[PDB]
Amino acid sequence: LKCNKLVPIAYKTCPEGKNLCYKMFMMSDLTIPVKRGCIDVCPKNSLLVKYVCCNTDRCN
C-alpha cells in the first residue's frame, strides 16, 4: 500500500516490513498530524502523541 507524507501533496511507498499507513499527532494539535508514514503494526496511542493506522491506500 501507499501512504502520504506530512504534506499530502507527496506520498511514498510503505517500506520493507511496513504496509499499513499510520498518522501520528501531537498534543499541540491532534486535529492535524505531525508525522505521516507506514508501519507493520499499529502503535499504541499516548497522551502526548496520537496514532491512527489505516489499511487503506493514501488513507493517511
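Counting of residues begins from 1 for each chain and follows its sequence as written, which need not mirror the entry numbering; any residue without coordinates is not displayed. Side-chain metrics in this entry use all non-hydrogen atoms of the structure; hydrogen atoms and water are not considered.

In terms of determination method, the entry is listed under solution NMR.

A. Representation of the UniProt feature "disulfide bond" in the protein. Between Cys-14 and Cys-38, where UniProt places a disulfide, the sulfurs come within 2.0 Å of each other, which fits a bond. You can see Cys-14 sitting in the loop between β2 (11–13) and β3 (20–26) and its partner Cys-38 sitting in strand β4 (residues 35–39), a full 24 residues away along the chain. Taking the relative accessible area as the measure of exposure, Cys-38 reaches 11% and is therefore buried. In this structure the UniProt-annotated cystine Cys-54-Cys-59 is intact, with an S-S distance of 2.1 Å. When two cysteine sulfur atoms lie within 2.5 Å, the pair is treated as a disulfide. UniProt positions are given in the numbering used here, feature names are shortened, and annotations may be inferred rather than shown by experiment. Per the convention used, a helix needs a DSSP run of H or I reaching at least four residues, while a strand needs a run of E reaching at least two, with both numbered from the N terminus. Exposure classes here rest on a 1.4 Å probe applied to the protein chains alone. A residue is buried below 20% of its type maximum, exposed above 50%, and partly exposed in between.

B. Quick peek at the pairing of β3. With respect to burial, β3 is a largely interior element, five of its seven residues being buried. Any two strands are treated as partners once DSSP identifies two or more bridges connecting them. Examined bridge by bridge, β3 and β4 share five bridges and lie antiparallel to one another. Opposite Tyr-22, over in β4, you have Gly-37 as the bridge partner. Across six bridges, β3 lies against strand β5 (residues 49–54) in antiparallel orientation.

C. Broad picture of the packing of aromatic side chains. Centres within 6.5 Å make a pair out of two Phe, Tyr or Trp rings, where for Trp the six-membered ring is used; the pair is then stacked when the planes are under 30 degrees apart, edge-to-face when over 60, and tilted otherwise. On inspection of all chains with the given rule, the structure shows zero aromatic pairs. Two thresholds decide whether a charge sits over a ring: the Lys NZ or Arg CZ must be within 6 Å of the ring centre and within 35 degrees of the ring normal. A cation sits over an aromatic face here: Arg-58 above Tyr-11, 4.4 Å from the ring centre.

D. Summary view of the nonpolar core. For this analysis, a nonpolar core means a set of buried residues of the types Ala, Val, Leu, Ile, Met, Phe, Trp, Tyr and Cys, connected via side-chain atoms within 4.5 Å. Of all hydrophobic cores here, the largest spans five residues; its members are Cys-3, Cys-14, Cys-21, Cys-38 and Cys-54. Only heavy atoms enter the contact rule, under which two residues are in contact if any of them lie within 4.5 Å. Here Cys-3 is in contact with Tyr-11, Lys-12, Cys-14, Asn-19, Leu-20, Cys-21, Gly-37, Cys-38, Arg-58 and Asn-60, once residues within four sequence places are set aside.

E. Expanded view of unusual backbone geometry. You will see that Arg-58, though not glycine, has its phi angle at about 50 degrees, which is positive. Following the sequence through the fold, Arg-58 ends up in the segment after β5. On the accessibility criterion, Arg-58 (46% relative accessible area) is partly exposed.

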